[PDB]
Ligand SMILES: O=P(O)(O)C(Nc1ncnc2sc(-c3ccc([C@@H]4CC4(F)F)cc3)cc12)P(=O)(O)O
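Next up: just one chain, as structure tokens, the form solved without the ligand.
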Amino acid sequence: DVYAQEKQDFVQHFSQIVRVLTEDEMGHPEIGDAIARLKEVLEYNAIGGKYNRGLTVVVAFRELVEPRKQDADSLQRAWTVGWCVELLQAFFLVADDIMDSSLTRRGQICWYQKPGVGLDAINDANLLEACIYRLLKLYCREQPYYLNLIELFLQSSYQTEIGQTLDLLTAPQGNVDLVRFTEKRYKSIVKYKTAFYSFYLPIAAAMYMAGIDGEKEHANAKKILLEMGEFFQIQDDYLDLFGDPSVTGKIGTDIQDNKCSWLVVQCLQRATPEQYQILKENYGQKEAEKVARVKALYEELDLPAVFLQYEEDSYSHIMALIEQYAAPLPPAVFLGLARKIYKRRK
């Protein structure tokens, strides 16, 4: 509901984000064509998702700053930073689609597959990351939280980068190993590859902008938000295989890529010895025939129910933690976000 009413404001402010990025260097008409492609890149990769992260920065701001201080300028910084988290999303997604050999994202062909693009997407992605800090300097160079934000973004990027590495080491194409698809490994992977950038980044950005920079308060908000991250990745691993691609906006690839997905981990735990061998014979291959064999053993082990039960048990634990750790922050902050991902299908 709150993301709903703020969504439109958020998106309309994207025109300006683009204006500022594609003009601040246009007094150098030499790099104009380059700046032109940047507009194009942003428009294609920054737009089309749910904006949960960017909205979260904005929503969390309004709930942590006394309305006497939510002035005109200060409010603008909120959605610029919200759009900065949105650009981090774009950076990492463009890269990840290349690396996961994905076909669609946000219900279009992935950037790297847009004809004319391909592996130039690599440079396009770095550019997206570069813009984060262009905006940060443009709109906050003078706030006292300016250095806190630069470091929170850098730090978060590094973290998810470690995550991605963890992700990729565990899923060697051609090296089907199920032994490594454990639980400690999964929790570690999703923590670094999703949790920090998708939940602690937005809320922490809003805290630092609202003066809330105590170490314990971030430590506590993080304790909640990292647990929401893992929930959120597990939802995503599920939808990879069990969701409608016309609705997720992306065609799933986890089983083919030999990914340490939640399912394959929960599948190993319930694996009768015969089934294990079936999993060992079909996982991590591009053959449709073999992939469906996998889906089948998932459905034979009623995992699609285990996921629904985890979802409940998990959602209540998050709740418990919001009840344990939220204060002095408004529980609205964490409830609002958590309510926006419960049962989701995209």
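Don't overthink the numbering: it's just position in the shown sequence, from 1. We call the rigid core the largest set of C-alpha positions that still match within 1.5 Å between the two forms.
**Student:** Out of 182-190 and 198-206, which one has CA B-factors that are higher on average in the deposited record?
**Tutor:** Averaging CA B-factors over each stretch, the winner is 182-190.
**Student:** Where do the C-alpha atoms have the higher mean temperature factor in this entry, in 132-140 or in 67-75?
**Tutor:** Going by the record's values, the stretch with the higher mean is 67-75.
**Student:** Checking the entry, which one of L87, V176, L147, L225 has the top C-alpha B factor?
**Tutor:** Comparing C-alpha B-factors across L87, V176, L147, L225, the top value belongs to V176.
**Student:** Among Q233, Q275, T80, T104, where is the Cα B factor highest in this entry?
**Tutor:** In this record, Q275 carries the highest C-alpha B-factor of the candidates.
**Student:** Based on the deposited C-alpha B factors for this chain, I'd like to know if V291 is in the lowest, middle or highest third.
**Tutor:** Its C-alpha B-factor belongs to the highest third of this chain's values.
**Student:** For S314, does the deposited CA B-factor place it in the lowest, middle or highest third of the chain?
**Tutor:** It belongs to the highest third of the chain when residues are ordered by C-alpha B-factor.
**Student:** What third of its chain, lowest, middle or highest, does the C-alpha temperature factor of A332 fall into?
**Tutor:** According to the entry, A332 has a C-alpha B-factor in the chain's middle third.
**Student:** Test of reading the entry: by CA B factor among the chain's modelled residues, which third contains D240?
**Tutor:** CA B-factor rank for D240: middle third.
**Student:** When the modelled residues of the chain are sorted by Cα temperature factor, does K259 land in the lowest, middle or highest third?
**Tutor:** Answer is lowest: the recorded C-alpha B-factor places it there.
Keep in mind that the form solved in complex with the ligand is missing from the display, and what follows is about it.
**Student:** Check each of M228, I132, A78, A204 and return the one that places a heavy atom within 4.5 angstroms of the ligand in the entry with it bound.
**Tutor:** Checked against the cut-off, the match is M228.
**Student:** 275-283, 293-301, 33-41, 307-315: which one contacts the ligand in the entry with it bound at 4.5 Å, heavy atom to heavy atom?
**Tutor:** Of the options, only 307-315 has residues within 4.5 Å of the partner.
**Student:** Can you tell me whether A338 touches the ligand? I mean in the entry with it bound, with a 4.5 angstroms heavy atom cut-off.
**Tutor:** Because a heavy atom of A338 falls inside 4.5 Å of the ligand in the entry with it bound, the answer is yes.
**Student:** With the partner left out here, check for me: in the entry with it bound, does some heavy atom of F232 sit within 4.5 Å of the ligand?
**Tutor:** Yes, contact at 4.5 Å.
**Student:** Is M319 a contact residue for the ligand in the entry with it bound, using a 4.5 Å heavy atom cut-off?
**Tutor:** Yes - in the entry with it bound, heavy atoms of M319 and the ligand come within 4.5 Å of each other.
**Student:** Could you check which of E151, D213, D120, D244 shows a C-alpha shift of 2 Å or more between the shown form and the other one after a rigid core superposition?
**Tutor:** Of all the options, the C-alpha that shifts by at least 2 Å belongs to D244.
**Student:** Taking the rigid core as the reference frame, tell me whether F307 has a CA displacement of 2 angstroms or more between the shown form and the other one.
**Tutor:** Yes; that C-alpha moves by at least 2 Å between the shown form and the other one.
**Student:** Honestly, after the rigid core fit, is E289 moving at least 2 Å at Cα between the shown form and the other one?
**Tutor:** Yes, because once the rigid core is superposed, the C-alpha of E289 moves 2 Å or more between the shown form and the other one.
**Student:** Tell me whether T253 is among the residues that move between the shown form and the other one (Cα shift of 2 angstroms or more, core superposed).
**Tutor:** Comparing forms between the shown form and the other one, the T253 CA shifts at least 2 Å.
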